[PDB]
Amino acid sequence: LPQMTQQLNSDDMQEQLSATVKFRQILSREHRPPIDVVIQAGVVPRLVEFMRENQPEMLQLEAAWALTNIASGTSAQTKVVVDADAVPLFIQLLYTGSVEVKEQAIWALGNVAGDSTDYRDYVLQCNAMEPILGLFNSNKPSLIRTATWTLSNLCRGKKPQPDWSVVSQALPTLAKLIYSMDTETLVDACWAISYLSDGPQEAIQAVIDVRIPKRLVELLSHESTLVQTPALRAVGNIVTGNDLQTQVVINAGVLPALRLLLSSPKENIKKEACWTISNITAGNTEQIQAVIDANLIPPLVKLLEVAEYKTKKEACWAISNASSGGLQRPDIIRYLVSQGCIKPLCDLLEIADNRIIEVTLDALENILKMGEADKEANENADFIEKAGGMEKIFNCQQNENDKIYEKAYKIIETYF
């Protein structure tokens, strides 16, 4: 290393390139990259020098490569590269470089952005977005694959979110990228969209306006779960918006897709499928009817009764939200009770958290109010007692939280 360092600080350029390559190789060792002994050599600012304009492009390439891997280490190691002011030069290389240098520069920026929200935002206020978006006019798959990964890191992270006015500029590009034949490009593109769609209704509308949702629904049937997971997440984020925005996803045919996803070998996919459905049944009566027509209730009921708890929660939300459509259209409740939803709802009261208990109690009251209305014109109350639920609801009066008590109290007093 001491000879490599001296060789690097030469002014012989042959030698500078020779030393940089040697530094690159050791930082590219297949196991245990000696990043900190390289940092301790104090060669990082020198490597950044090799990336400036007017350097031989082979030297820029090898330097950017070495700095890329140093930045791929711990946060402290990434900090050394950032504090050496390498980021503005990385971005400069996105203009002046070749496809090989540009892929290297965007790779480095990906590691910097992928460190923390601070460095993510830092890359963005260094005005990196515009030259980055310009890269996607390339005919190089690997350049676009790497740039998409970097782009996803820029859209990633909450507390705080990235500057929306900046990252939203990527939406037309991301809209095209989800039509890619390259799987790795496809995956990171969907993750980026899932991040961007995770926000206010203004953010969701932006995703809708660039006509992303329909392609997302298509990608739900992709063979790889690596594609399905961020796609389902993005779709699930969109339907957290208002009824109009949700209807866009419905018109895109998400309901038959979600039925397929309910039988996924991945538990987390089944959970987020339930979660997506629940935010659709949270909409108007017509949208609840659409869920029912799509034959989604029977697998939801079974998941409510057998699945893992984290999945049960979302299935509960779906059935409970659907029951709210019961006051306006009582046949919704009749169908829900007919599909045996009462007992799995009741059984949940003894194990669930206070929020789900509250969700469950609202479902049970809706069923009761309807069953009560189907009297002046209680079956459901009888079904609930036989379900062992009357006991469970009574026990909820022993809950420390007031809104659950008040709720359970009125339910018991009104219908029992």
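For clarity, a rigid core is taken as the largest C-alpha set superposing within 1.5 Å between two forms. Residue numbers run from 1 along the displayed sequence.
Higher C-alpha RMS shift from the shown form in 5 other deposited structures of this protein - 95-103 or 248-256, rigid core fit: So, of the two stretches, the farther one in 5 other deposited structures of this protein is 95-103.
- prompt: Superpose by the rigid core: which stretch, 136-144 or 185-193, shows more Cα shift in 5 other deposited structures of this protein?
  reply: It is 136-144 that deviates more in 5 other deposited structures of this protein.
query: How much of the deposited sequence is absent from the coordinates between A377 and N378: none, 1 to 3, 4 to 9, or 10 or more residues?
result: 4 to 9 residues lack coordinates between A377 and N378.
task: May I ask you to compare 397-405 and 13-21 by their mean CA B factor in the entry and name the higher one?
output: Here the higher of the two C-alpha B-factor means belongs to 397-405.
query: Averaged over C-alpha atoms, is the B-factor higher for 342-350 or for 203-211 in this PDB entry?
result: Comparing 342-350 with 203-211, the higher mean C-alpha B-factor belongs to 342-350.
- prompt: From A108, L336, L255, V81, which pick has the Cα B-factor that tops the rest in the entry?
  reply: Each of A108, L336, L255, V81 was compared by C-alpha B-factor; the highest is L336.
query: Taking the values straight from the PDB record, which of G241, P172, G73, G326 has the highest C-alpha temperature factor?
result: That would be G326.
message: Is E62 in the lowest, middle or highest third of its chain when residues are ranked by C-alpha B-factor?
response: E62: CA B-factor falls in the lowest third of its chain.
- request: Using the B-factors in the PDB entry, rank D188's C-alpha atom against the chain and give the third, lowest, middle or highest.
  value: Lowest third of the chain for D188's C-alpha B-factor.
- prompt: Of the three thirds of its chain by CA temperature factor, lowest, middle or highest, which one includes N69?
  reply: Within its chain, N69 is a lowest-third residue by C-alpha B-factor, going by the deposited values.
- prompt: Against its chain's modelled residues, does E308's Cα B factor rank lowest, middle or highest third?
  reply: As the PDB entry reports it, the C-alpha B-factor of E308 lands in the highest third of its chain.
query: Taking the C-alpha B-factors as the PDB entry records them, is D115 in the lowest, middle or highest third of its chain?
result: Lowest third of the chain for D115's C-alpha B-factor.
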